[PDB]
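J.: any chance you could fold what I've pasted below:
(2 chains)
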Amino acid sequence: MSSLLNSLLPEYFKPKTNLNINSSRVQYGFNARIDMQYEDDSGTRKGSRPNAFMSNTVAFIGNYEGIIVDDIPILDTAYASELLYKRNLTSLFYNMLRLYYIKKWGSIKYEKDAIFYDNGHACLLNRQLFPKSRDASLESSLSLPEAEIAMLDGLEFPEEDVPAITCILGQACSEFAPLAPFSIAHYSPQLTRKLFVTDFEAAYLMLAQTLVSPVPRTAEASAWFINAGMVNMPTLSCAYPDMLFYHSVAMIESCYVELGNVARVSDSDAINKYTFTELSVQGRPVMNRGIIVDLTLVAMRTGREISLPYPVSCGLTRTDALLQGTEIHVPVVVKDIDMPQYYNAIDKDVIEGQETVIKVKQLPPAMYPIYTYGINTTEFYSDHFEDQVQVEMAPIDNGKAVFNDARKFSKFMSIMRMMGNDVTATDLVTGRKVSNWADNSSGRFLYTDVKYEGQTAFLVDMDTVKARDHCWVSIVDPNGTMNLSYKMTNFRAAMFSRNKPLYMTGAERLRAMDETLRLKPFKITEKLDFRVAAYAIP
Amino acid sequence: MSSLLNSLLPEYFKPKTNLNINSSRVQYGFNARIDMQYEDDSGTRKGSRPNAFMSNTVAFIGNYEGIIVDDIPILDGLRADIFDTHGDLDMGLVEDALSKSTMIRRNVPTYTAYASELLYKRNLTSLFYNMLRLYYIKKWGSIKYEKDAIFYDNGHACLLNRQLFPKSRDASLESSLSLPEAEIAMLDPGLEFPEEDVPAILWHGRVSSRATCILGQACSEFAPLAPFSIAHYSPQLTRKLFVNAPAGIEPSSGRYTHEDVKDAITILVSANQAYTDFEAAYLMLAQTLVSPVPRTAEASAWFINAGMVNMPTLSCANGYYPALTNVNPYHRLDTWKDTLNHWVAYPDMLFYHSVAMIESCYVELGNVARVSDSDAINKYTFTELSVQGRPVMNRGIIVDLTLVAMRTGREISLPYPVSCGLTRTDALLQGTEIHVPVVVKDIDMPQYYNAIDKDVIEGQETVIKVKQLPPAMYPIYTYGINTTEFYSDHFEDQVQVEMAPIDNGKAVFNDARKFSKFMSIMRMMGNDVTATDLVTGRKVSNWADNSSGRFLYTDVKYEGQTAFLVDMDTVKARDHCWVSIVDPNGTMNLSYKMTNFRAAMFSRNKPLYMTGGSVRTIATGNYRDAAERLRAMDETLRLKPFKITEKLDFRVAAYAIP
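T.: Numbering: from 1, shown residues only, chains lettered A, B, ... in the order given. Please see the structure below:
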């Protein structure tokens, strides 16, 4: 559905036809201009950040598995009556589209002993997260066999379990058995053995989910991509190409941003992680799985009613790591000796080179809003164009300021980050050090960087406030009530690949509203807690 | 359907009966008067071509291959009593009808049991199709096909008949086929149980000595030597054919003329009551009679791989049940005999109906190939939304009739949703590169064409890579009835190229639309312009055709960014009856006007004239008013007298009327 996914892109950005991708990693963002204005009891200070780059990172690596399931027929004598109620060519077009992009971008290298995430304290290699893998190019990954394409001559009885519609059709129907973990070369079962000689729209949306996978914002956000997500491919029965990259990035961003909020919803409300899809959908699908889950999250993001002609339930299901009451064991590598102080590690004493495991209870946000920046602003992300943040500074006793409240602590470290001051605080309950400079790519502070669900009080170190990036606005000693008023203008999209700039080249409405799928949006209603999110009907 | 194919012909076109075709190539078109004008700051330069010939070359060659498929039964012909209110064979009235007939009493119970299967075997389209091809093979039998002949030539690239059609020996159309005869046995009325998988037909009186030879050859394999359009490959329809004729079948004569095939058809349709079957066969042949010679060298991608013809299996069970066919048949539409009556009167009119259909299709497939897949009505799903019936499979005539509906902009209605004939949209739906062979003439070829080699000596066999399919025909019969801005087939048109004196003749066209109109109108004025793309570095020439004399944007042979540098001091006068651009300064304004239209046809570089009587628009009413009249003049020989009258001379006699 082109017109749907085309709407998600920002109004200022209009991309060109061709895009020569020559790597397994692409940064995308914008170069904005920030005009900050500071006021406190000491006096006033005015500055301006001339060029600020806010970006996510997306890759072509994601462990997926295919299952053949029975879905609804797309309707767009004895034998005909049995066959017409199972007609679906979506699985055939899906494989034909994957073969197109394997040949086009068939020079992408996957190295086994490469980095996946790297902050400075911890590190994840591609040996971990993807065992049973070797070093191979994308063209060298698959060695597809060929199914028998026979000619249908007068034959009176249709042979059962064979559809009726050379090298491309032969390989499209065959089994996919990859060596390197690639997004568009994932394991798929055999469609058919023989093949005698709106369905495309389903396959187009189904590939937009799979094509690219997010590189995690922090080390804790690797918990999403441990367990292999299942791709529901329908059973095969019948009786501007490069623009897909931008539509795919737009879709997976919208899903992984909104799951950041759904994860924080308490399991004692009307709309919760279990019963959010069922309340949203207003059709009759086979099961609330695949695309229905993803398009529900896009509706919640944009805040508009999305509509498909047929209630199709085919594609990747992401909400698997979310729907289980168990802490997830992310395997990590120790780079600095002081790692156990920051991350919730099993072994409290470690050495540089040791392979340990960290515990993740609540799933943090995997991506920050970039394309969907300021279309609807929540208090959690605080992705405003114009905003006036007001916070009251705690009394500095010796060289330490106690922040008992949770909301005030979030606003304080959010200001000091925009000014460009690397502040480090100690959580009193756990006894672990939090830092506002957690993510370098996106220049903002989320409350999930604390890495402790529940209630606590923070002891901020005001003496050891380092000066990483200093504009004229930037001050070290706050006094009384801190007011910061910033304005964002002059947005321009920029893409980076392999640490260099990647440039773009080239009569009556018979309603019939009974069978059609409709997805209703939910609006976030902020409340006093700030740690908990809550949904309501608009 | 004679009616819908008749409306496609232009208003000025007044056709006659006979057309004496004596070659395998015809240039149909029209003569128009073009009043061109070139306005500039210096002054205006007027021109006028009184006879401007816009043509589309059409040949009698084209690779096709027949396959026998299963299609719906056509129920028009059977008596109206056995049918129910809804319109399906109510079995129970069939048993009643067979009982009250002249049938053998011991056969009634065994024949009634078989009725459930055999009565739904009614499709004679395959037989009529082959018998129509035998008519035209014997009529236009003297046309020749040479092996080492020029299929296409534009000066730069040449394409021979050896390249497209291998396994091809040079021979005349008459000497191409050597048809073996199938057995025509006589049906014994006292047969115990009907033999299914063997069709039995009806006949009026005695099967003549020549009718045996025609039916024998019609139900046989076509194995041609030369690749002719009306003598393409067809499988064996049947091995044996029963004929329920009480008067015995005479043995095969061996020889027959084209007039004897018309005699065979008229008896077969009348006896079997199969007029809707003939209408299907008429539309099938209309598609696959003539194929278009490609407009450009790179427009040969349509005719590389052989398009499959869908011939429905020969199945008829009228011979076993003579009682069920009578003088009161069941028919859906009242105008169900119009297609046969038109063919019997004017056989040669099919040539004009054929070119009208292929010109309508290949024009629309031109501007269908230039739409992105990400759209509602696109390459794959343009047939499904248009069709409002229940055909078995969207192929054959359904795909060709829906393209005609888009061209004319009207609603086409058929009585039965039959899916038989040629399927054209084959190379389009594949959506891959096609490798057309070419023999080079000049040495500077691969700058213009997207060739595989960059340096090629003259007389070398190379390959051109065609990605997007260019239009194979230009609209001529459908000129300015449903106009689009791509073809730009207007009566009046103008273009404004804006230049300043500071620029020394050099103009850059940022817009793609007005670049197309400038290059096209300059060719009417007889000027050889050669533009060069600034981004890529390729070259395009407006002189890329010798038939229509227009420039379509698909002649660039590349989709990219638009920056065409045209140097206006290298413009060369090529043709006669031309306006001169000696040295332009300031803003240029080109314009033309087409005023009158006269139908013209060419063959062997000579005028081909239409002869015979004046063709009329035959209606159902025009014959049945003479049936209403009946010639009701009582057939009584009333002789009236003449009174002799005497005058001055008296030697000579003079008779008066009263």
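J.: for residue B:312, see how far away the residue in the stretch 51-200 of chain A positioned nearest to chain B is.
T.: Here the residue of the stretch 51-200 of chain A nearest chain B is residue A:154; by C-beta to the nearest C-beta that distance is 5.6 Å. For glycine as for every other residue, the C-beta is placed from the backbone atoms N, C-alpha and C. Look at residue A:154 and residue B:312: by C-beta to C-beta, to the nearest Å, they are 10 Å apart.
J.: got it, and residue A:231?
T.: With C-beta to C-beta as the criterion, residue A:231 and residue B:312 are 42 Å apart.
J.: between those two, who's got more neighbours?
T.: A side-by-side neighbour count of residue A:231 and residue B:312, using other C-beta atoms under 10 Å in any protein chain shown, places residue B:312 first with 27 against 21.
J.: nearest residue to the more buried one other than its sequence neighbours?
T.: Leaving aside its chain neighbours, residue B:312 sits nearest to residue B:71 (3.6 Å; criterion: C-beta to C-beta, 6 or more residues apart in numbering or on different chains).
J.: now that neighbour, what's its secondary structure?
T.: Using DSSP: H, G, I helix; E, B strand; the rest coil, the structure places residue B:71 in coil.
J.: who are the contact partners of residue A:442?
T.: A:54-56, A:217, A:368, A:370 (C-beta atoms under 8 Å, 6 or more residues apart in numbering or on different chains).
J.: what of residue A:226?
T.: A:129, A:321, A:328, A:330.
J.: biggest separation within those residues, which pair?
T.: Among those, the pair separated by the greatest distance (C-beta to C-beta) is A:129 and A:321, at 12.9 Å.
J.: hang on, isn't residue A:453 packed against residue A:359?
T.: No: between residue A:453 and residue A:359 there is no contact under C-beta atoms under 8 Å: 11.7 Å.
J.: residue of the stretch 1-150 of chain A closest to chain B, please.
T.: Of all residues in the stretch 1-150 of chain A, residue A:2 sits closest to chain B, at 4.2 Å by C-beta to the nearest C-beta.
J.: tell me who's in contact with residue A:249.
T.: Residue A:249 touches A:28, A:58, A:212, A:371, counting by C-beta under 8 Å, 6+ apart.
J.: over to residue A:264?
T.: Contacts for residue A:264 (C-beta under 8 Å, 6+ apart) come out as A:362, A:380, A:531-533.
J.: for it, phi and psi?
T.: phi -90, psi -10 (degrees, to the nearest 10).
J.: distance of it from chain B?
T.: Residue A:264 sits 37 Å away from chain B, going by C-beta to the nearest C-beta, to the nearest Å.
J.: and what of residue A:230?
T.: According to C-beta to the nearest C-beta, residue A:230 stands 28 Å off from chain B.
J.: which strand residues bridge that residue?
T.: residue A:65 (DSSP bridges).
J.: that one against residue A:65, yeah?
T.: Yes: with contact defined as C-beta under 8 Å, residue A:230 counts as touching residue A:65 (5.7 Å).
J.: distance from the centroid: which residue in chain A tops it?
T.: When distances to the mean C-alpha position of chain A are computed (C-alpha atoms, centre = their mean), the maximum falls on residue A:154, with 52.8 Å.
J.: mind listing what it touches?
T.: Residue A:154 makes contacts with B:68-70, B:313, as judged by C-beta under 8 Å, 6+ apart.
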